[PDB]
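> 3D model of this:
(2 chains, ligands or ions: 7)
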Amino acid sequence: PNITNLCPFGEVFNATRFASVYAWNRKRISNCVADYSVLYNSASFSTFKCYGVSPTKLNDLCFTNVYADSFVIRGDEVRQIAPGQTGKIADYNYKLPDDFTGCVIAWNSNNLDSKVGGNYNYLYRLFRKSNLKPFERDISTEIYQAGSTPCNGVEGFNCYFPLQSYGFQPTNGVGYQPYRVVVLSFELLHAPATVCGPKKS
Amino acid sequence: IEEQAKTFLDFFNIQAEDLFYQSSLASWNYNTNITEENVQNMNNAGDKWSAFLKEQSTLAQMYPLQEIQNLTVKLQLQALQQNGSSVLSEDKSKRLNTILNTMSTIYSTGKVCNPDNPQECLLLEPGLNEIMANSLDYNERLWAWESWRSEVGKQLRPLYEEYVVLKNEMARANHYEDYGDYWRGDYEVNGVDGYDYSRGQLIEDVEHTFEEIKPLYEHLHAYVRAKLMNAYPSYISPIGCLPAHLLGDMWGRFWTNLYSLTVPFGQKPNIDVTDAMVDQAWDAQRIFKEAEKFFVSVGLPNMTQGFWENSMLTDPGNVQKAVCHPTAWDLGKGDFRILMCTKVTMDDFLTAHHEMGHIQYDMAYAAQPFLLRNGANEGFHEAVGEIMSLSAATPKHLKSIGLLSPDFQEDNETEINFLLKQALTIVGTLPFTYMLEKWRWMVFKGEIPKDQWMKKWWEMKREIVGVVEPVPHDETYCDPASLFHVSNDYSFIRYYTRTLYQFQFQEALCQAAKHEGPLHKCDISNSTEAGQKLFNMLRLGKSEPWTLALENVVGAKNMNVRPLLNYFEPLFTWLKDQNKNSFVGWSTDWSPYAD
Ligand SMILES: *[C@@H]1O[C@H](CO)[C@@H](O)[C@H](O)[C@H]1NC(C)=O
Ligand SMILES: *[C@@H]1O[C@H](CO)[C@@H](O)[C@H](O)[C@H]1NC(C)=O
Ligand SMILES: *[C@@H]1O[C@H](CO)[C@@H](O)[C@H](O)[C@H]1NC(C)=O
Ligand SMILES: *[C@@H]1O[C@H](CO)[C@@H](O)[C@H](O)[C@H]1NC(C)=O
Ligand SMILES: *[C@@H]1O[C@H](CO)[C@@H](O)[C@H](O)[C@H]1NC(C)=O
Ligand SMILES: *[C@@H]1O[C@H](CO)[C@@H](O)[C@H](O)[C@H]1NC(C)=O
Ligand SMILES: *[C@@H]1O[C@H](CO)[C@@H](O)[C@H](O)[C@H]1NC(C)=O
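Numbers count the residues shown, from 1 in each chain, chains lettered A, B, ... in the order given. Ligands and ions are numbered 1, 2, ... in the order given. Structure as follows:
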């Protein structure tokens, strides 16, 4: 029982920079034996919820396609990263399917992402003409027309730039603090390639 | 259409949260360390915040209020659509701001000079207030009192007149009959199926409720007069108005400083536990933690980490000037804090409960949309803070938390001393608030001609309050402007309405708590039913009519005095026998300068 490639989860979770939620990252995971128990028992997450296979039961399965979606959101938006949810993020920045097979993991990054004077680097979409499909990413930035008068790509009465920044500051209360979110999406497809849990003696 | 306004308010709330936070944080920084740098930063943040509000109130006019059916949009938008003083021409606007700053300046440079040694000047804060609170020399008290109306009062008179005119033009431009009518809009409710309230009803309710409490006041007056005559013999008439300068302060607003002369049973000890705090080595943290427990015990949330980590709970670390005057803060973005340079004393114990009560109200409505994040009306915020303090003060509480000895014997005489102190603090101020607002409203409405302003003031102080000012001042004076709120543009009626809301709340919650005795012996800290009952209202902010907020907490759609009377009924019962051998009420023909 030797140790093989375990997949670069370190680059998923303890990555330096995270994406804006409106333009979330999509990272492919493959060709390895991945231990998920070690994320669960790290006790380093505020949120660790599965809609699919339990956090330590993932270790008894093989998947062919594992994807890690990642981004930064406000703490009060953490509850929206789930199947069946609606809201500013769930409706048009990032949406999980009602039949999602994976797990959503999140943690407080106030000491990493908040800045004195305000961290305005992270963006979310405030407006979209329609809601996103599950796992859809839309990073187009035309000026959003709210009114009936045709808007010629110019901010004005009833016409708004669709993306707005956050303003993360060290003394924001909980819920206005930034959170780093990783979503692990699991698929079983048909290819000579897997992501497996560990062998037991 | 509502749809476009909805989109707009969502966009507005996303901007407003950040700019308000920057401004609030800049003001906070100033208040914890007074220095020019922080002044410059709060002033700059304040100006871009006002500029933002003006740009948004301009955009807001393109969303006709009448097309919006939902209240959360209609109310937030109506709040944003007010044009304020922008309705005034550029010259009238800058002139009014100049006047307001000038009036604040005259009051603020609050000094008078003593003819005994003209180069020696007194300030209002130390000095004149110290004389009015502690000296028993009729003549010293009289000079100090007059010197404030002369000097500061007289200097303000010509500004006050221009002020009234400019404010009425502004109010009319915004479709109010006058500025008093503008202020009364804070209690106005419309289009809510019976929870509606017309601005003119504030006057009817204030006048009605006032008449109903006069008997408590008349007996308090007679009792106090009987006692002050032994401090100021010859000077006070047995059947008259008390001279204004003999009431304990510069305006005759509180009768609290007279307590030491009027103490019912001077042979009995008080419940001032400060010595216990000293023997038990309590510090500021203990004081705030006991206050936190009060709130936790009733079912309210605990304080946030930001509160415990960032608050100025003690004197500043270096020899710094800071605004130590106690106050709660809400910066936006869930950042809650307090400023209070706490000393180990019962007064700060009670203050900590008062301000934390304000924080709990701010936390409860934190989830409301930004323009609705305030109390139901101007008197609600303080009414909540006052009930938390009132409960913390009872001997029942104090002995239960190990602060007052468990062997303390509370009896009839103790209860009376307690209630009189409270009456001097509460009952004795209602006619002041009532009289002042009634007078200012008549001034703003144009009912009192500019050359009859002091004439009416003096007559009303004798007929309503029962106090006679010792000097027959001319119309060159503006004695009401000698008070902070009058010269600095504040409404005052909030104190009248707050007091009555306070007692209605205390009664409703003591009933929820199943208290079995009189209201002054009530402690609701162990009642989670009372906690939830109040909470359900606190969480609403301004999203609902204040009249509904009262139905939810007290079972009423309006204010009442019966709970005030019930709180003090046993004091009253006692006063009724104390005055059986004397005149109750007062004559207004007598004055201390009559001859
Ligand atoms: C977390 O950070 C630590 C730092 O040593 C690193 O070793 C680890 O691989 C990172 N990632 C995870 C998923 O623990
Ligand atoms: C004084 O206010 C300034 C604002 O820059 C702050 O940086 C400084 O630490 C404060 N001084 C003290 C002694 O708190
Ligand atoms: C106000 O907004 C709320 C949002 O849930 C909506 O339910 C309510 O119906 C709106 N008011 C009216 C009168 O439509
Ligand atoms: C303020 O709003 C009112 C609402 O009708 C409008 O009539 C008035 O002209 C506006 N004033 C300014 C200064 O924009
Ligand atoms: C607040 O947190 C403290 C931490 O121990 C807890 O003991 C207390 O009961 C909490 N209060 C509430 C209302 O949850
Ligand atoms: C003391 O208690 C007795 C009980 O009968 C009561 O009659 C008496 O009036 C009380 N004393 C005072 C000052 O109220
Ligand atoms: C009421 O006081 C008792 C006295 O110890 C205390 O134990 C109890 O916890 C208090 N009630 C609540 C809800 O904390």
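> contacting residues around stretch B:478-491?
For stretch B:478-491, contacts defined as C-beta atoms under 8 Å, 6 or more residues apart in numbering or on different chains pick out B:100, B:103-104, B:106-107, B:148-149, B:152-154, B:156-157, B:160, B:183, B:186, B:250-251, B:253, B:378, B:436-437, B:439-440, B:453-454, B:457, B:469, B:473, B:492. Using the backbone N, CA and C atoms, a C-beta is placed for each residue, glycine as well.
> likewise stretch B:143-153?
B:106-107, B:110-112, B:114, B:122, B:124, B:128, B:131-132, B:135, B:244-245, B:250, B:470-471, B:473, B:477-479, B:481-482.
> ok now do residue B:417, which residues does it touch?
B:263, B:264, B:265, B:268, B:270.
> what of residue B:365?
The neighbours of residue B:365, taking C-beta under 8 Å, 6+ apart as the test, are B:372, B:373, B:374, B:375, B:538, B:539, B:540, B:541, B:542.
> if we use 7 Å, what do you get?
B:373, B:538, B:539, B:540, B:541 (C-beta atoms under 7 Å, 6 or more residues apart in numbering or on different chains).
> assign the closest residue to ligand 7 within chain A to helix, strand or coil.
Of all residues in chain A, residue A:174 sits closest to ligand 7, at 24.9 Å by C-beta to the nearest ligand atom. Following DSSP: H, G, I helix; E, B strand; the rest coil, residue A:174 is assigned to coil.
> could you do residue B:321 as well?
Per three-state DSSP, the secondary structure class of residue B:321 is coil.
> looking at it, it is touching residue B:34, isn't it?
Yes. Using C-beta atoms under 7 Å, residue B:321 is in contact with residue B:34, at 4.2 Å.
> compare these two (neighbour count), which wins?
residue B:34 (14 against 9; other C-beta atoms under 10 Å in any protein chain shown).
> where does that one sit: helix, strand or coil?
Of the three states, residue B:34 takes coil under three-state DSSP.
> before we move on, what about residue A:71?
What three-state DSSP gives for residue A:71 is strand.
> give me the neighbour count for it.
Counted with other C-beta under 10 Å, residues neighbouring residue A:71 total 24.
> alpha carbons of the host helix or strand of residue B:486, as CSV, please.
Here residue B:486, judged by DSSP states H and E, is contained in helix B:484-487. Output in CSV follows, covering the C-alpha atoms of helix B:484-487 (Å, rounded to 0.1, in the frame of the first residue of the first chain):
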residue,chain,number,x,y,z
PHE,B,484,-28.9,73.6,23.7
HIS,B,485,-31.7,72.1,21.6
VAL,B,486,-33.3,75.5,20.9
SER,B,487,-30.1,77.1,19.6
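> neighbours of residue 162, how many?
Just going to use chain A. Residue A:162 sits with 19 neighbouring residues when counted by other C-beta under 10 Å.
> to clarify, I was referring to chain B.
Residues near residue B:162, counting by other C-beta under 10 Å, number 15.
> swap in residue B:318?
By other C-beta under 10 Å, 7 other residues sit near residue B:318.
> domain assignment for chain B?
For chain B, automatic domain parsing gives the domain ranges B:2-82, B:272-407.
> winner for burial among the ones you listed?
Ranked by mean neighbour count, those are led by domain B:272-407 with a mean of 19 (mean count of other C-beta atoms under 10 Å in any protein chain shown).
> and the residue of the stretch 451-595 of chain B nearest chain A?
Of all residues in the stretch 451-595 of chain B, residue B:539 sits closest to chain A, at 15.6 Å by C-beta to the nearest C-beta.
> one step back: in helices, which of the contacts of stretch B:143-153 fall?
Using DSSP state H, the subset of these located in helices is B:106, B:107, B:131, B:132.
> show me the two of those residues that sit farthest apart.
B:106 and B:131 (20.7 Å; C-beta to C-beta).
> got the residues of the stretch 251-400 of chain B near ligand 5?
Applying C-beta under 6 Å from any ligand atom, we find that the stretch 251-400 of chain B lies next to ligand 5 at B:296, B:301, B:302.
> residue contacts, residue B:133?
Contacts of residue B:133 (C-beta under 7 Å, 6+ apart): B:248, B:249, B:257.
> ligand 5: which of those is nearest?
Of the contacts of residue B:133, the one sitting nearest to ligand 5 (C-beta to the nearest ligand atom) turns out to be residue B:257, at 38.9 Å.
> secondary structure element for the closest residue to that closest one other than its chain neighbours?
Take residue B:257 and drop its neighbours on the chain: the residue closest to it by C-beta to C-beta, 6 or more residues apart in numbering or on different chains is residue B:248, 3.2 Å away. In this structure, residue B:248 sits in neither a helix nor a strand according to DSSP H and E.
> does any bit of the helix or strand that residue B:203 is a member of sit next to ligand 6?
Using DSSP H and E, the element containing residue B:203 is helix B:200-228. No. Judged by C-beta under 6 Å from any ligand atom, helix B:200-228 makes no contact with ligand 6; its nearest approach is 13.3 Å.
> now do the buried residues in that helix.
If you call a residue buried by 16 or more other C-beta atoms under 10 Å in any protein chain shown, then helix B:200-228 has these buried ones: B:202-203, B:205-206, B:209-210, B:213, B:216-228.
> repeat for stretch B:240-247
Here stretch B:240-247 shows B:240, B:241, B:242, B:243, B:244, B:245, B:246, B:247 as buried, counting by 16+ other C-beta under 10 Å.
> does the fifth one touch residue B:252 like I think?
Yes. With contacts counted by C-beta under 7 Å, residue B:244 reaches residue B:252, the gap being 4.7 Å.
> let me see the contact set for the residue of the stretch 201-350 of chain B found nearest chain A.
For the stretch 201-350 of chain B and chain A, the shortest gap (C-beta to the nearest C-beta) falls at residue B:334, measuring 2.4 Å. Contact analysis of residue B:334 by C-beta under 7 Å, 6+ apart lists A:172, A:173, A:174, A:175, A:176, B:366.
> who touches the residue nearest the centre of chain A in this structure?
By C-alpha atoms, centre = their mean, chain A has its centre lying nearest to residue A:70, at 3.7 Å. Neighbour list for residue A:70: A:12, A:18, A:19, A:24, A:25, A:27, A:181, A:182 [criterion: C-beta under 7 Å, 6+ apart].
> dig out what the fifth one forms beta bridges with.
Read it as residue A:25. For residue A:25, the beta-bridge partners are residue A:70 (DSSP bridges).
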